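Q: Please read through the structure below; I'll follow up with questions.
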2 protein chains.
Amino acid sequence: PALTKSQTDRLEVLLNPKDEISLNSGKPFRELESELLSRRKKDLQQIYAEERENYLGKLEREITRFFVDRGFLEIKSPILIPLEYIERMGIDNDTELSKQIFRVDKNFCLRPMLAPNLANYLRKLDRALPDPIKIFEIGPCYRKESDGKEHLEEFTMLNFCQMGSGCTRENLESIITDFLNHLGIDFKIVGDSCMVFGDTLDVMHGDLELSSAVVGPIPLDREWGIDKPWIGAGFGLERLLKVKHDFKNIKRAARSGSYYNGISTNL
Amino acid sequence: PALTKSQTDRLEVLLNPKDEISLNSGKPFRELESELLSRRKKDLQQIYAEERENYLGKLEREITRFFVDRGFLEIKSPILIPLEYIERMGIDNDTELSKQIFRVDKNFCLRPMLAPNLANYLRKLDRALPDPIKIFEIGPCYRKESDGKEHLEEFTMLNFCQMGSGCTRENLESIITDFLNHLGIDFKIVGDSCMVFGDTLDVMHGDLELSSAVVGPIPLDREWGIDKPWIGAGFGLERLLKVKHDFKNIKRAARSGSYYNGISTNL
Ligand SMILES: Nc1ncnc2c1ncn2[C@@H]1O[C@H](COP(=O)(O)OP(=O)(O)OP(=O)(O)O)[C@@H](O)[C@H]1O
Ligand SMILES: Nc1ncnc2c1ncn2[C@@H]1O[C@H](COP(=O)(O)OP(=O)(O)OP(=O)(O)O)[C@@H](O)[C@H]1O
Ligand SMILES: N[C@@H](C[Se]CCNC(=O)OCc1ccccc1)C(=O)O
Ligand SMILES: N[C@@H](C[Se]CCNC(=O)OCc1ccccc1)C(=O)O
Ligand SMILES: [Mg+2]
Ligand SMILES: [Mg+2]
Ligand SMILES: [Mg+2]
Ligand SMILES: [Mg+2]
Ligand SMILES: [Mg+2]
Ligand SMILES: [Mg+2]
């Protein structure tokens, strides 16, 4: 019993991390497929009977509660943003991130990050709210990618940020630590750099980048009317789910018609 | 004291429905503006101190709990969808809704409704789950609009639907009724029609359309592999918020950097 590539692909779609089933165990495709179909139907029936919550939606709600309870204001800002935000973010037209932008109409695009909208909120809210200003947003972001096991074209970003007092490296690391401890995810912090922000603190789980974080001020602040110390971090929710559920491919965690909570919908 | 159009616009931005303040009361602009700025800063400070939840996010969470508790599976599907879905939905290239579509790249668009993704889920889930199949989704949808007091280009749709047993007009009306009673919103049902679905039951609050709902089957089902009775309804969350909070302009409820929970962010 040698399986074709098409057969192995079909079994891999139906296989879940908790299965102790090897596709090369010598059993024929028909028996492996029947067993996995039965397991996945049972898994989906259990979700439908007892849970009914989508992993991405449930994780957004859990993260929302965590940040609201710690004094951060919940933001919901536009997903369709001016293309001018990309240039004012310092993303020059010939840079790598600029090629990843999904253009809409003529002057708009799908946001590839939450940062510009949140910078506008920090500036505006600092005229009305007491120091420090603490805000966060969770929602869809978009980048054209080569599509590996760790990138999606449509993903979900969390960005939390603070402006004013308490905007230090140690406070930023403390929030990241409390957040990932709340989710039960081990991590380390490594130095890296990017073009928008300069140096970042990257939050790594093994070789998987969970977040890039920044301690301001940076020279870019002036173009956004930011004139105080700030800290912020952006996390991909699908990457968090990939770690939590041991998914081999991030597509299992994505907005999709092909998987529900990591279970194939082709049953 | 006659106010210019620019001055009146500024005061209208700062005015909230609960204020018993008339912009034509004869008081000068400087006093009306100072009073309203003070009220709105206080309102925002109270939210920041005591609540911190965004109206759109909080309403999504409340609706999610309502449908999950009543046996509907929570869906999060792609916002960027194939342009082919628009033609297979019967939206011919020269129709009115087709002109409202935001195109992305060459073969994709921003979804103007949730229905096609949910039809795919109904079909797929019917192979695995017991009758009846009950699902819902909340999330961003996009339409180019003339932009009045009731339309946004970027809005948030709820669509709940069911396939199999219990897919009758009376059950559909009963779910709509239980849902709007839960939110405390009065309504009536009127007959209307649209091009995708044919006859609809429109859910009206006064002259404001809160939802269009459909009792299947319809001939379009075959193009989506739907072969059982079904019911479904789509609601705009920003319209629900407009009713709940007596907003004069739906922009107060939208994803925005210009308003937070209906309060101007230009303070
Ligand atoms: N295409 C993508 N798919 C899924 N998640 C992503 C994607 N791009 C970024 N993220 C998540 O958003 C976070 C903040 O975005 P950032 O700009 O730092 O990404 P990045 O450094 O380009 O990530 P990578 O180096 O893996 O491409 C990332 O740490 C990651 O968790
Ligand atoms: N541009 C929009 N902005 C905000 N909400 C909308 C918009 N278009 C539709 N909705 C909401 O989505 C629901 C379902 O969409 P549907 O296709 O029935 O809208 P519609 O009949 O085009 O609405 P209208 O007649 O007001 O344009 C509507 O009843 C409404 O609550
Ligand atoms: N690291 C993540 C995003 Se982190 C930015 C936190 N958001 C924020 O409010 O910054 C204020 C700010 C932003 C730009 C210019 C001046 C001031 C990423 O690369 O996608
Ligand atoms: N009235 C709202 C959307 Se209502 C559709 C409910 N969703 C669903 O699952 O329908 C099954 C289905 C859909 C199309 C073709 C065949 C079968 C609007 O106009 O935006
Ligand atoms: Mg990248
Ligand atoms: Mg990186
Ligand atoms: Mg990074
Ligand atoms: Mg319309
Ligand atoms: Mg209508
Ligand atoms: Mg309608």
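Q: Output the peptides A:163-169, A:92-98, A:113-119 sorted from most to least packed, where packing is the average of other Cβ atoms within 10 Å over each peptide's residues. Kindly include the intermediate steps, with their values, before the conclusion.
A: On the way: A:163-169: 16.9, A:92-98: 11.9, A:113-119: 23.4.
In descending order of packing, they fall as A:113-119, A:163-169, A:92-98.
Q: So, one more: I'd like the FRET efficiency for A:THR95 and A:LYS149, computed as 1/(1 + (r/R0)^6) with the beta carbon distance as r and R0 of 25 Å, rounded to 0.05.
A: Working: r = 25 Å, r/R0 = 0.98.
Given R0 = 25 Å and the Cβ-Cβ separation, E is 0.55.
Q: In nm, one decimal, shortest first: how far is the label point of A:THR168 (7 Å from Cα along Cα to beta carbon) from the matching points in the other copies?
A: 6.8
Q: Using label points projected 7 Å from each Cα along Cα→Cβ, tell me how many nm separate A:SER25 and A:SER165, to one decimal.
A: 6.1
Q: What 222 nm value per residue comes from the helices of chain B, counting each DSSP H run with n ≥ 4 as -39,500 (n - 2.57) and dividing by all residues, nearest 500 deg cm²/dmol?
A: Values: 8 runs with 91 residues, N = 267.
That calculation yields -10500 deg cm²/dmol at 222 nm.
Q: Which whole number gives the average count of other chain Cβ atoms within 10 Å of the Cβ atoms across peptide B:69-76? Before the final figure, lay out the partial values.
A: Working: counts 1, 1, 3, 2, 9, 11, 6, 12.
So the per-residue partner count for this stretch is 6.
Q: Can you grab the distance from the C-alpha centre of segment B:38-86 to the C-alpha centre of segment B:1-33, Å, no decimals?
A: When both Cα centres are located, 31 Å separates them.
Q: Next question, about the same structure. So for segment B:33-132, what are the equivalent ellipsoid semi-axes in whole Å, largest first, each being the square root of 5 times an eigenvalue of the Cα gyration tensor? List each step's numbers first, then the result.
A: Working: eigenvalues 279, 119, 20 Å².
Semi-axes from the Cα gyration tensor: 37, 24, 10 Å.
Q: Across segment B:142-158, in residue order, what do the Karplus-derived ³J(HN,Hα) couplings come to in whole Hz, using 6.51 cos²θ - 1.76 cosθ + 1.60 with θ = phi - 60° and x for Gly and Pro?
A: 9, 8, 6, 10, 5, 6, x, 6, 10, 10, 10, 6, 10, 10, 10, 9, 9
Q: To continue, here is another question. For a bin width of 10 Å, list the pair-distance distribution of chain B built from all Cα-Cα distances, rounded to whole %.
A: Spelled out per bin, shortest first, that is 6, 26, 31, 20, 11, 4, 1, 0.
Q: Now, a different point. After finding the eigenvalues of the alpha carbon gyration tensor for segment B:156-267, what semi-axes result from the square roots of 5 times each, listed largest first in whole Å?
A: On the way: eigenvalues 190, 46, 29 Å².
Working through the eigenvalues yields semi-axes of 31, 15, 12 Å.
Q: Right, something else. What is the log10 of I(q)/I(0) for the protein assembly as shown, computed with the Debye formula using one identical point scatterer on each Cα and no solvent, at q = 0.08, 0.09 Å⁻¹?
A: Values returned for q = 0.08, 0.09 Å⁻¹ are -0.56, -0.71.
Q: Would you mind checking the pairs A:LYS106/B:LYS244; A:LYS144/B:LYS99; B:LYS27/B:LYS144; A:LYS124/A:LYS251; A:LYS58/B:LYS144; A:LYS149/A:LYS188 and listing those with alpha carbons more than 28 angstrom apart?
A: Numbers: A:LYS106/B:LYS244 35 Å; A:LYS144/B:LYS99 25 Å; B:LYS27/B:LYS144 40 Å; A:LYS124/A:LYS251 37 Å; A:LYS58/B:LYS144 31 Å; A:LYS149/A:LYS188 21 Å.
Over 28 Å apart, Cα to Cα: A:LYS106/B:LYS244; B:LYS27/B:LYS144; A:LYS124/A:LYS251; A:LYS58/B:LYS144.
Q: Segment B:1-52: percent of C-alpha pairs farther apart than 15 Å? Write down the numbers at each step before the final one.
A: Details: 622 of 1326 pairs.
That tail contains 47 percent of the Cα-Cα pairs.
Q: Which order do A:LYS42, A:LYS58 fall in if you start with the one that has the fewest other Cβ atoms within 10 Å?
A: On the way: A:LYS42 12, A:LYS58 18.
Listing A:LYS42, A:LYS58 from fewest to most nearby Cβ atoms yields A:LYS42, A:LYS58.
Q: Is there a quick way to get the dipole size of segment B:115-215? I mean about its Cα centre, with the Cβ of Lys and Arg at +1 and of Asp and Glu at -1; what is the value in debye to the nearest 20? Could the numbers behind the result be given before it?
A: On the way: 9 positive and 17 negative charges, 104 e Å.
Computed charge dipole of segment B:115-215: roughly 500 debye.
Q: Among B:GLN7, B:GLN45, B:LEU23, pick out the residue whose Cα is farthest towards the positive end of the charge dipole of segment B:1-52, where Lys and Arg carry +1 and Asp and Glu carry -1 on C-beta, about the Cα centre.
A: B:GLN7
Q: Under unit Cβ charges (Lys, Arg +1; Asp, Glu -1), what dipole magnitude, rounded to 20 debye, does the protein assembly as shown have relative to its Cα centre? Can you show the working numbers first?
A: Details: 76 positive and 86 negative charges, 27 e Å.
Approximately 140 debye in magnitude.
Q: Still on this structure, please answer the following. Using the C-alpha atoms of segment A:96-241, what convex hull volume per residue, in cubic angstrom, is computed?
A: Working: hull volume 17.8 nm³, N = 146.
In segment A:96-241, the Cα hull volume divided by residue count equals 122 Å³.
So basically every Cβ, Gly included, is an ideal-geometry build from the backbone, and we count neighbours across all protein chains shown. Taken together, the values in this text are just the output of simple stated rules run on the coordinates, not laboratory data.
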